[PDB]
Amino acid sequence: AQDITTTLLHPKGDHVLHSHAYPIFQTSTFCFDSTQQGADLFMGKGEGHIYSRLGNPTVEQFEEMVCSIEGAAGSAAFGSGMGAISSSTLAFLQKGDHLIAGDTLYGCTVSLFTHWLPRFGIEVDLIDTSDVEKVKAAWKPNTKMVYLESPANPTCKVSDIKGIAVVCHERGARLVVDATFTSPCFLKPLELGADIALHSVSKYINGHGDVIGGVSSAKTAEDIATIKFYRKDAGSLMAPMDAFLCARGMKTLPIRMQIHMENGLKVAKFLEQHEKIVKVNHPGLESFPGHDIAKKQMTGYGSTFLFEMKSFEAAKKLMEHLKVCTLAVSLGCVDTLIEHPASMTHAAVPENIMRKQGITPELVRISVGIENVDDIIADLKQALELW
């Protein structure tokens, strides 16, 4: 079996004009040979292109690379992770349907599900998905979808994807998994029973902090077609230049993820033993509740996780005296990022959800990059040891 490293460096498809790098198709439209050839293409007959919103070759190349690592029937690229999320939910859910989603999600996902979905007649419950019994108890005759992020952003809370998939499969609901925090190198939700696996490509997949994009991959040709049907009318598109950048970033994904994983674990162990640190929420630590599930269902760990300081003032002093780590939101970049969830990424999450997400002013989230790990640790140590 050929390694993922090789597969990503050797994607299927013909070269264009013998070009070694896949060209950037910075075009809106495509030319027809004849009236029939164009008419046929609109009916889905024959091979070729019409218009970049419907399909663009550079973007299609990136989709195939994601499709190849997910083990999907197809993938669809979007202008952002939120585009991928919207199109993976609202492509299926309609007025009268019920959605069960995790109670700890990325802020804008909470916004989508709690503000917009109810305006469209869609019933939503945010449930603690780390407990399958609670998922079952929240199930209704009109439940059509379960949506999970695991490990959750930012607390790393682990859900049992495999166990929840069984219930979805017995009861006719789609299981959708946002695997952004871990990357398709370490978490393949379609192998665990999910119907759709999505990512903010803005994070690890692209990895270079210079594009915003989303991707969604479906187990079934019918589901990926419906997703693309929705995309056509909702209009969240990956730009050709951004697809070129994302495919390029993804060429180094496996080796970056190996370094991220090892760095993140070493940084978490350093913090876990440090006097100033109260707790570390990294799912690769044995102290972490849900570690046994993460270890079974994933083949590695991302490097973004959260830790607890003794006070808000101590969190502030740390985050503001770092020379290698950069104070900024986002994650999964080659360089190390740090932020304060309570006042930043999750300052917009309703208080009812803040308290049961478990997010407090003492928490700091770090996204460990691929810098030499000793340099990252020395940077944290010097700020922790300040006068």
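Start at 1 with the first residue shown and count on from there.
Averaged over CA atoms, B-factors in the entry run higher in 349-357 than in the other of 316-324 and 349-357. If you average the C-alpha B-factors over 330-338 and over 40-48, the higher value belongs to 40-48.
Of the candidates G207, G83, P184, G96, the deposited coordinates give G96 the top C-alpha B factor. Remark: of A73, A77, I127, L198, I127 shows the highest value [criterion: C-alpha B-factor in the PDB entry]. When the modelled residues of the chain are ordered by C-alpha B-factor, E308 sits in the middle third. Per-chain ranking of the deposited C-alpha B factor places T114 in the highest third. Ranked by C-alpha B-factor against the other modelled residues of its chain, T155 falls in the middle third. Annotation for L17: C-alpha temperature factor in the highest third relative to the rest of the modelled chain, per the entry. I4: CA B factor in the middle third of modelled residues in this chain (values from the PDB entry).
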